[PDB]
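**Student:** pasting an experimental structure, sequence included:
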Amino acid sequence: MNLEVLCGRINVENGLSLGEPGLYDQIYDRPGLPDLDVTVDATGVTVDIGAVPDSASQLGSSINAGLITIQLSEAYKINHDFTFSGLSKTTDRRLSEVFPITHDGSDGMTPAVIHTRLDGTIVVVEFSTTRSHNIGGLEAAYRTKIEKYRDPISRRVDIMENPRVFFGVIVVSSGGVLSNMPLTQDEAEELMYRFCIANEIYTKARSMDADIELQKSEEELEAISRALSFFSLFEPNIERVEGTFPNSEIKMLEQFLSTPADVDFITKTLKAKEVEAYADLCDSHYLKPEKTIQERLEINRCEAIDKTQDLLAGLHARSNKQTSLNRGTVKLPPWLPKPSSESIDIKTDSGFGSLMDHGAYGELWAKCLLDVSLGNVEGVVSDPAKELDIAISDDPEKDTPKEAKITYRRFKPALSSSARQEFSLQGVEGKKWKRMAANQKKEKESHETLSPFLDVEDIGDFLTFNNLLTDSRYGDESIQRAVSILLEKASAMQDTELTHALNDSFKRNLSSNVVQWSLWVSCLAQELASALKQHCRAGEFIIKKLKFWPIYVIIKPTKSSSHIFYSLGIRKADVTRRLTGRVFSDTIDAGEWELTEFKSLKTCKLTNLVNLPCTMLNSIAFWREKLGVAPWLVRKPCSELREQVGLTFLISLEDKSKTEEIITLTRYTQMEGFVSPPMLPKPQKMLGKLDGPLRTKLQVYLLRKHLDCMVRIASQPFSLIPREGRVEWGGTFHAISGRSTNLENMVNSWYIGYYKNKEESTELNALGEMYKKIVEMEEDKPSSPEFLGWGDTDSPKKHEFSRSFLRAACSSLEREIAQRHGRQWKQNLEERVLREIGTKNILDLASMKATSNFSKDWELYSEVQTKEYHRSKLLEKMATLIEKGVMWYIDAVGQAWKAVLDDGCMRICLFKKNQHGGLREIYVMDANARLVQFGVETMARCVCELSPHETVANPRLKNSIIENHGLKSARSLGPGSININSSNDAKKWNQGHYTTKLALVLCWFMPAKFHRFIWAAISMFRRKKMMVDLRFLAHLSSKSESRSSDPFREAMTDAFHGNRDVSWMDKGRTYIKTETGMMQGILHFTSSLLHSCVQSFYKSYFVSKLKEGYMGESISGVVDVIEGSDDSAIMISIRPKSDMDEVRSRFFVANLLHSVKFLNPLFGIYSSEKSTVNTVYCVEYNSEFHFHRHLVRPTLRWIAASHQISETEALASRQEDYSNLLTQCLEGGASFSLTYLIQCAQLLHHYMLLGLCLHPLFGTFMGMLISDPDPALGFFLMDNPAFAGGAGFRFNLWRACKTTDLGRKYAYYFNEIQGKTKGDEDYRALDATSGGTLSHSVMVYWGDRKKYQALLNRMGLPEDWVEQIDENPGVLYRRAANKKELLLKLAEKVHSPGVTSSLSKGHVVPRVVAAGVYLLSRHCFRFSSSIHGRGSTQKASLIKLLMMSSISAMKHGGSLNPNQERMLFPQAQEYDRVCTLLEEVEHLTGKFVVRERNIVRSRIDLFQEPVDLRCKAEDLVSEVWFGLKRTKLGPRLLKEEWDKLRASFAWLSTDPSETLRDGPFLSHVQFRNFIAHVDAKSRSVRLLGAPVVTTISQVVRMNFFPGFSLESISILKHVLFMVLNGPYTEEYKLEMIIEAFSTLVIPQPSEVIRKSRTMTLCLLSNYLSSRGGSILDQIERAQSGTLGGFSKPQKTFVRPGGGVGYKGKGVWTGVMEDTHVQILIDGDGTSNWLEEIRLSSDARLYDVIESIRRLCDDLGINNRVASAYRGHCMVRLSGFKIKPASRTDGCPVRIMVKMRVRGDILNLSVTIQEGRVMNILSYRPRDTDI
RNA sequence: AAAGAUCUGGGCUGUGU
RNA sequence: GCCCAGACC
RNA sequence: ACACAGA
RNA sequence: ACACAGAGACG
Ligand SMILES: O=c1ccn([C@@H]2O[C@H](COP(=O)(O)NP(=O)(O)OP(=O)(O)O)[C@@H](O)[C@H]2O)c(=O)[nH]1
Ligand SMILES: [Mg+2]
Ligand SMILES: [Mg+2]
Ligand SMILES: [Mg+2]
């Protein structure tokens, strides 16, 4: 590389330009490393570098062989010196000899390079190296090198004339280069290679003599020393290990590391597997006897048809063989009553007698209404006047009844025995009627599965033809009016035309039939959730009415884990409309009434019904966007929209696991359509996963449609369409409906099953399947151990593997690791591992996760049957270990291993994961096994960190390998390359891994001193005792005989009862014993290491095979591999050069990507049928779908989770949670308008959770909210429709403060907080007070504090932990040293609000849903007394809090002043900049465009963190107070940074006690928390779109809607853009601009209070015409342009040469945007600086400040000099940034004509002083003007 | 009830009388 | 760092 | 000591 | 009505 070319290829502008940091990955093929011969003879270090081994990439050609000497005192800098030798042969250059002499302390600072071009451009280049392995280390080094030199260079820039400085940085690591230089890829690769040799030299020189390196920290040495002592003195008693655990002989390990791999066996096995794979490929894809593709596709169709017919027949043979029944998919009636006025009364008169003679349900309803209309049911008529009196009660606890709720709306009907029988058939008091014959027969029939040939055609007709999307004409009813009022009040913040259009679209969606139905269904679900706690005696029912609808419900509650029964009733006159379709359950005709049979719902099933309206609204909006229909368009629905919305409806309502599982499998069924020749699609491979019981009509319908999809795929693959430079696919369709659609629509339809609720509760009879999943794998254990680590076999069975192939895979991975990290990688790995193990603390293991309490005392069921098993928290065990005195993980793991070995097993307990896509069992260890597992997983993570393609330990490799395959193939093969990929998954990954293989793989890469620990610690995995549920085992114990078609159920019964002997269960035991398999994710990283080894072997083998060729000549190819845990992908790129060679090369590559299935069992890995093999131009990895240059992300996945019912306790934290959910929908691929509609649904959800459909006082509450829109009191804030979900909740809170009456309330809160002293009541620090603190002032608690208090009483922590921390503050800044500091840190952890709220709350979603009946009127909210004031009691209702705010906080006059706005919202200036950028899109105007299909992830940075400190204030305070070298600065820079900290906070001192007694903080923990957050935030949103002050504008324009662009004078703009960018000179350009302003006509200007380019053009149109008169008056009235002049000119002086300087105290006075501005400036002969800013008003401070920045930009005045004025102002300006008025490092801000063309700049200006020109108007042409 | 991990974002019968 | 949420294994 | 180097 | 190739719940 060359420094001159690299520095001369930079485009530099005036002033200092940092640029943008670019990242370079190690992509290109690398030659072998040269030979190194390092000697240390104490006369320096002599390295004998040999020649680079022969290759052809021109990489490594900068390394010259021969002797090199590097002195001992210069040998600690080798990595820096050798890497950059050739880029910069020199060493350093001071700033004194290139820059003007400043008199700071920085004149002696030496950046690596200071280059100077011929014109005068200066490039300051800094070099850096890091030995880290992640991007974080590169970012840290880049940031510290920028921080060290940015400020002094800028100070020198101030005093230069015509300066152009860049200041680039290059940071080099092993696998990355981070630099803002325009480096080529080859230069970065060369730097990485040179760094590899340099680090090899450095490691060798350190190994030979230990004084080359530098003295490292005491803590690092102690960590390394304790780790070394542990691993040297650890004796696991391997003889006892062998006698205790199966196959634990260490002679296996000794043989594995010393016996080389059997080369002949490997070659013979590889040939045999090759011919077996070829035979399988030829037989199963019909390649011989050489037919055409049509005939082979027909044979594929016939095979698929036959196999699906076998499936259907086998499923029918075990069913009840009924071809017709009446069983509704939807258990709710299709009623659409017109909504009525708010009422929850049960007023009923007259007709009861006709109801009596209409069956059992008519009898029940008539008796209920008769009892209601006689006064014997309490609370039938609500009183929203006494409830208000309770709500406004100044004295709770005395005027709220306690015992009224006992008889609330409860009636006890005297039903006949026939009616009780009928109701018991539905489960209503069904346990008592269990032995009656009808109940027995119904129970017997309930277990029978359904036939696949069942008539299900009402479902298909409903899906194609329904009235779900018809307008209901209910748009002016009460629920609509309430939601509309709340939405319009929220939208008054951004009351524009876009807001109105999107609100109208939302309200049209809200007025559809399905949403109106979902609204009352959600209200019914909320009433049932309320009835959960409303206990009923025997025979007692509850009668309720829905608030907005004439619907009555009779409810029978049970135990809260058991069922809720309900019956519905309406008047037939009240049924205005109905939902069409035959998917609904039949109702009952009862004369005047329509009734509903008793249906059941559990707690988990309620959620989907609660969220149903938001689900349906979001589905309608999403599928309208995906069909290309704009939100602002009225259009009748097509068949596809009806099908999608109806399918979502049915999936949400059925809420069953098999239903969503069938839909989930369609993804793997339909991915076979991308399989390329010479292979055919085989979607019939999924037929094994569709075998299972069918229990609903929808399951039958979905299975049949899935099988039709499978037959369709098997006969016709998706077609390739390459047209211009992209690859498109044709023939895609929805799997369920069958209708043709886009690729993205098919991918999204693969996730419709996600609408089923994950959080179901599993029943006891469903719990045995888990045990079944564990047993047959253990039953497949080989009876002989010869192929479990000892020998070699070519035909391994289950759990078996061959030693030679495992060793060869380890060798291959070791070769790749030695290529990347050098030949001394293991030496550095040892130091890394010892550091990690010795540093790690016991409190680091004190997590919030559960642990197993299973032990020897729980093993025998006869001693346990009366007990209840409970898991513990790991925090308890770790706290017990800390109290006893253990402080390091080293001192605990020895005792943990001793306890495990004495136990002889590992103790596990089980549970079932709540997941989509099927069944997964989950294992929980006890604390001893966790302590042992932690060390081996640490070592495995450290090894996986070194792998060049393992993605679990290297997150960037999730993407970089896939998207760098194109560059690598383009370099190696040229253009026009064919890419063939395979995406592979493994079958039962954790269950198939015998842990001896994992131990051998891990011990291959670790140094021998760890081997004794690794072999023993994994050995305990070969005897695992797994506790089963005690209730399941209790029901099993009472049934010694088995009546089941499942063999496992009988086997388990006999094993527990002793009737048979099996290896996994003994008689009368509570556990299953298992030897095979790791557990789920327990040995995650070592299994990733094994898979990395295997795929490294595959890559090497594929490369060798491609080099061999098919008939002798090599195939040119590029092979890439990527690995997860069991997930893998292989990418092979070829260029065949002709048509005839292309067929042969593709056949060869298909054969290579067909034998992975056959080579995997040699490593104990089994290919899953979820693997998609041999697909051209497309690859999938961890559900990331790369379809050539189209990255497809399933947006429906995140849209389905956008309205989670939050468990949070603060009211505004609900809106923060909603915003966090919204951002993920935005990043998942949704447009901005879709995100806004999703937020409208979130608003509806939020007000439902506040009691919109429940509380009779919600109207009063809403009326109070209109006059007080406080988010802390429940007001939902809506986003700007053009940028929805992109800014966050704090930005919207700042907008609400700046716009609504929340500013007055926050100003009052600020004044009340500022007025108190430290000893005062309700005092809090104003410095630690932000807008988020004020919004978090109202809370409601959901958990039980008694559980948390009992947990505290079992831990023994000191009560005066705050005082003991105050005695020793240093405990809050570094690790503990003794028992005392660790106990203090533990007590600090457990008393944190997050830990307390986590250990208090369990599952509280039903309580949150049922709180809607009492949040408004009952005193359950705790409020901050520092903010809301002392109340009469500690708790209040929401209406009470609104009145308290209405009498105190709303009386305060005046909004926030700029100082308060700056303190509460530190990022307010960036907020205002973005908000100004957002107000140019206020109208729905634009054009429909082409979507262009090129889609990629791209990050958008906004609200960027300003430049204040070099380091974090945490580290600076730590270093100054306690001597910890947490920063990277010398004493001069450390003192300089401490000066800026003290400038920010004058009370800060070098003594912690002085700061504690002089600051605003009562305790020192509070100061630690405050100093943790001095730097506020930095927000970046990762959009998914076109391959990109400017970028925000583009994404706002191009992402409002897919295929839409949101936009005489514009013709003038189009002319001027080509004029100012054209190849002309100033003379020729000046003519036709005047000509264009003399031809075209421009509207006359007006008064605007924002920046408009149009009226700026109008002003120059009038200037060139001189119509009105003086141009200055026109500009003054139009209020666009800086006007004014110097009221005190500076003394003008001649600089040495040709420059002109100023020295006096000049004063500028003028107007900038309707504001009188007086600027005071000074000078010293080198620069000029601001002294004071005087403004007559602060209404538009931010715009005025930006105008001052532009005014000082061209006048050469800098805001870098601090003023000595210590008086009072409103704000201070430092670097043209607004600061709080208490700051002491900026200037105070206090209250009180010719036209030119610069470079592509068009300005109107006037002279101000001699040798000084200032602008008035500027217009910059933009690329969007054409 | 909620294991081992990776990313990204954020935070620091209270019952309807 | 700690806690929370979502997605992924 | 200043100025360098930085898992 | 929920669960389930009849292992449970319906107090
Ligand atoms: O929630 C999870 C998901 C995945 N994993 C770990 O990731 C492995 C692969 O995750 P997987 O989703 O492929 N399931 P797998 O066990 O392979 O069976 P199959 O359905 O046939 O593919 C699993 O074997 C676990 O070890 C977890 O530990 N926890
Ligand atoms: Mg340097
Ligand atoms: Mg798998
Ligand atoms: Mg997987």
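**Tutor:** Yes, it's here. Numbering: from 1, shown residues only, chains lettered A, B, ... in the order given. Ligands and ions are numbered 1, 2, ... in the order given.
**Student:** okay, CA-based contacts and neighbour counts for the rest of this
**Tutor:** OK.
**Student:** can I take it that residue A:205 is in a strand?
**Tutor:** No - counting by DSSP: H, G, I helix; E, B strand; the rest coil, one finds residue A:205 to be helix, located in no strand.
**Student:** contact residues of the stretch 751-900 of chain A facing RNA strand D?
**Tutor:** Applying C-alpha under 7 Å from any atom of the strand, we find that the stretch 751-900 of chain A lies next to RNA strand D at A:828-829, A:831-832.
**Student:** one more: chain A?
**Tutor:** Counting by C-alpha under 7 Å from any atom of the strand, chain A sits next to RNA strand D at A:76-77, A:79-80, A:105-106, A:108-112, A:126-133, A:137, A:141, A:214, A:828-829, A:831-832, A:1528-1532.
**Student:** could you dump the residues of the stretch 751-900 of chain A next to RNA strand D into JSON lines and include secondary structure, distance to residue A:1230 and neighbour count?
**Tutor:** JSON lines is the format used below for those (DSSP: H, G, I helix; E, B strand; the rest coil; distance: C-alpha to C-alpha, whole Å; neighbours: other C-alpha atoms under 10 Å):
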{"residue": "A:828", "secondary structure": "helix", "distance to residue A:1230": "46", "neighbour count": "13"}
{"residue": "A:829", "secondary structure": "helix", "distance to residue A:1230": "44", "neighbour count": "19"}
{"residue": "A:831", "secondary structure": "helix", "distance to residue A:1230": "47", "neighbour count": "14"}
{"residue": "A:832", "secondary structure": "helix", "distance to residue A:1230": "43", "neighbour count": "15"}
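**Student:** need those in JSON lines with distance to RNA strand C, can you?
**Tutor:** Shown next, in JSON lines, are those (distance: C-alpha to the nearest atom of the strand, whole Å):
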{"residue": "A:828", "distance to RNA strand C": "22"}
{"residue": "A:829", "distance to RNA strand C": "21"}
{"residue": "A:831", "distance to RNA strand C": "20"}
{"residue": "A:832", "distance to RNA strand C": "17"}
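**Student:** which one of the residues you listed sits closest to RNA strand B?
**Tutor:** residue A:832 (15.8 Å; C-alpha to the nearest atom of the strand).
**Student:** residues in contact with residue A:1737?
**Tutor:** By C-alpha atoms under 8 Å, 6 or more residues apart in numbering, the contact list for residue A:1737 reads A:1715-1716, A:1791-1792.
**Student:** show me those that map onto strands.
**Tutor:** Among the contacts of residue A:1737, DSSP state E puts A:1716, A:1791 in strands.
**Student:** from the contacts of residue A:1737, which single one is nearest RNA strand C?
**Tutor:** Nearest to RNA strand C among these, with distances taken as C-alpha to the nearest atom of the strand, is residue A:1791, at 38.9 Å.
**Student:** and residue A:1237, how far is that from residue A:756?
**Tutor:** Separation of residue A:1237 from residue A:756 (C-alpha to C-alpha, to the nearest Å): 22 Å.
**Student:** then residue A:535?
**Tutor:** Distance of residue A:535 to residue A:756, given as C-alpha to C-alpha: 29 Å.
**Student:** go on, residue A:1695?
**Tutor:** Counting by C-alpha to C-alpha, the gap from residue A:1695 to residue A:756 is 78 Å.
**Student:** tell me the spacing between the residue lying closest to residue A:589 once chain neighbours are set aside and RNA strand E.
**Tutor:** Spatial nearest neighbour of residue A:589, excluding adjacent residues (C-alpha to C-alpha, 6 or more residues apart in numbering): residue A:595 at 6.6 Å. Counting by C-alpha to the nearest atom of the strand, to the nearest Å, the gap from residue A:595 to RNA strand E is 15 Å.
**Student:** got it, and residue A:890?
**Tutor:** On the measure of C-alpha to the nearest atom of the strand, residue A:890 and RNA strand E end up 42 Å apart.
**Student:** which element, helix or strand, includes that residue?
**Tutor:** Secondary structure from DSSP states H and E places residue A:890 in helix A:889-903.
**Student:** that older thread, the more surrounded of residue A:535 and residue A:756?
**Tutor:** residue A:756 (24 against 18; other C-alpha atoms under 10 Å).
**Student:** residues touching the nearest residue to the more buried one once chain neighbours are set aside, list them.
**Tutor:** Spatial nearest neighbour of residue A:756, excluding adjacent residues (C-alpha to C-alpha, 6+ apart): residue A:655 at 5.1 Å. Counting by C-alpha under 8 Å, 6+ apart, residue A:655 makes contact with A:605, A:608, A:756-757.
**Student:** one more time with 10 Å, if that's ok
**Tutor:** Neighbouring residues of residue A:655 by C-alpha atoms under 10 Å, 6 or more residues apart in numbering: A:604-605, A:608-609, A:753, A:755-758, A:760.
**Student:** ok, now residue A:1410?
**Tutor:** By C-alpha under 10 Å, 6+ apart, the contact list for residue A:1410 reads A:525-533, A:1249-1251, A:1254, A:1404.
**Student:** same question for residue A:626.
**Tutor:** By C-alpha under 10 Å, 6+ apart, the contact set of residue A:626 is A:620, A:641, A:741-742, A:744-745, A:748, A:1230, A:1602.
**Student:** highest neighbour count among these?
**Tutor:** Highest neighbour count within these: residue A:1230, with 30 neighbours (other C-alpha under 10 Å).
**Student:** quick check, that one in a strand?
**Tutor:** No - secondary structure of residue A:1230 (three-state DSSP): coil, not part of a strand.
**Student:** for the spatially closest residue to it that is not a sequence neighbour, give its distance to RNA strand C.
**Tutor:** In this structure, residue A:1230 finds its nearest non-sequential neighbour in residue A:1195, 6.5 Å apart by C-alpha to C-alpha, 6+ apart. Separation of residue A:1195 from RNA strand C (C-alpha to the nearest atom of the strand): 10 Å.
**Student:** residue A:1195 and residue A:748 touch, don't they?
**Tutor:** Yes - using C-alpha atoms under 10 Å, residue A:1195 is in contact with residue A:748, at 6.8 Å.
**Student:** element containing the residue most central in space within chain A?
**Tutor:** By C-alpha atoms, centre = their mean, chain A has its centre lying nearest to residue A:1224, at 6.8 Å. Assigned by DSSP H and E, residue A:1224 belongs to helix A:1211-1227.
**Student:** now that helix - C-alpha only, CSV.
**Tutor:** Output in CSV follows, covering the C-alpha atoms of helix A:1211-1227 (Å, rounded to 0.1, in the frame of the first residue of the first chain):
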residue,chain,number,x,y,z
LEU,A,1211,-48.5,3.8,33.7
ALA,A,1212,-46.1,5.5,31.2
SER,A,1213,-44.0,2.4,31.0
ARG,A,1214,-46.9,0.8,29.2
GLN,A,1215,-46.4,3.4,26.4
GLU,A,1216,-42.7,2.8,26.5
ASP,A,1217,-43.3,-0.9,26.0
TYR,A,1218,-45.7,-0.1,23.1
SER,A,1219,-43.1,2.1,21.5
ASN,A,1220,-40.5,-0.6,21.8
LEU,A,1221,-42.9,-3.1,20.2
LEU,A,1222,-43.6,-0.6,17.4
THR,A,1223,-40.0,-0.1,16.5
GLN,A,1224,-39.6,-3.8,15.9
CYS,A,1225,-42.6,-3.7,13.5
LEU,A,1226,-40.9,-0.8,11.7
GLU,A,1227,-37.5,-2.6,11.5
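**Student:** ok, back up a step: any idea which of the residues of the stretch 751-900 of chain A next to RNA strand D is the one closest to residue A:1089?
**Tutor:** Of all those, residue A:829 has the smallest distance to residue A:1089: 14.7 Å, by C-alpha to C-alpha.
**Student:** so that closest one touches residue A:938, yeah?
**Tutor:** No - contact between residue A:829 and residue A:938 fails when scored by C-alpha under 10 Å: they sit 11.7 Å apart.
**Student:** for the closest residue to RNA strand C within chain A, pull up the helix or strand it's in.
**Tutor:** Going by C-alpha to the nearest atom of the strand, RNA strand C is nearest to residue A:1394 of chain A, at 3.5 Å. Per DSSP H and E, residue A:1394 falls inside helix A:1393-1400.
**Student:** quick check: buried residues in that helix?
**Tutor:** Across helix A:1393-1400, burial judged by 16 or more other C-alpha atoms under 10 Å covers A:1396-1397, A:1399-1400.
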